[PDB]
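Peer 1: no FASTA, just this:
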């Protein structure tokens with residue numbers, strides 16, 4: 001993951017990386033539109049890693 005399009009769990013992964021085992025908030029890829037912030041921003045556009053670190057716990 002390096003400031004590049006990240007959708008589906010390909011995004012979760014990053015969060016997993018930066019969040020580590022501490023567990024990251026993202027639920028499942030389906031069910032319903034996730035946070036509606038990181039996804040619509042990192043999937044349709046690029047996003048920061050510092051932005052994933054606030055997702056961990």
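Peer 2: Yes, it's here. Numbers count the residues shown, from 1 in each chain.
Peer 1: CA only for contacts and neighbour counts going forward, please
Peer 2: OK.
Peer 1: I'd say residue 14 and residue 4 touch.
Peer 2: No. Under the criterion of Cα atoms under 8 Å, residue 14 makes no contact with residue 4, lying 10.9 Å away.
Peer 1: higher neighbour count, the two?
Peer 2: Shown here are residue 14 and residue 4; by other Cα atoms under 10 Å, residue 14 has more neighbours (18 against 13).
Peer 1: Show me how far the helix or strand where the more buried one lies is from its chain's centre.
Peer 2: Counting by DSSP states H and E, the element that carries residue 14 is helix 8-19. The gap between where helix 8-19 is centred and where its chain is centred comes out at 5 Å by Cα atoms, centre = their mean, to the nearest Å.
Peer 1: got the contact list for it?
Peer 2: The contact list for helix 8-19 (Cα atoms under 8 Å, 6 or more residues apart in numbering) reads 1, 23-24, 26, 29, 39, 42-43, 49, 52-53, 55-57.
Peer 1: can you tell me which of those residues are in helices?
Peer 2: Per DSSP state H, helices hold the following members of the contacts of helix 8-19: 39, 42.
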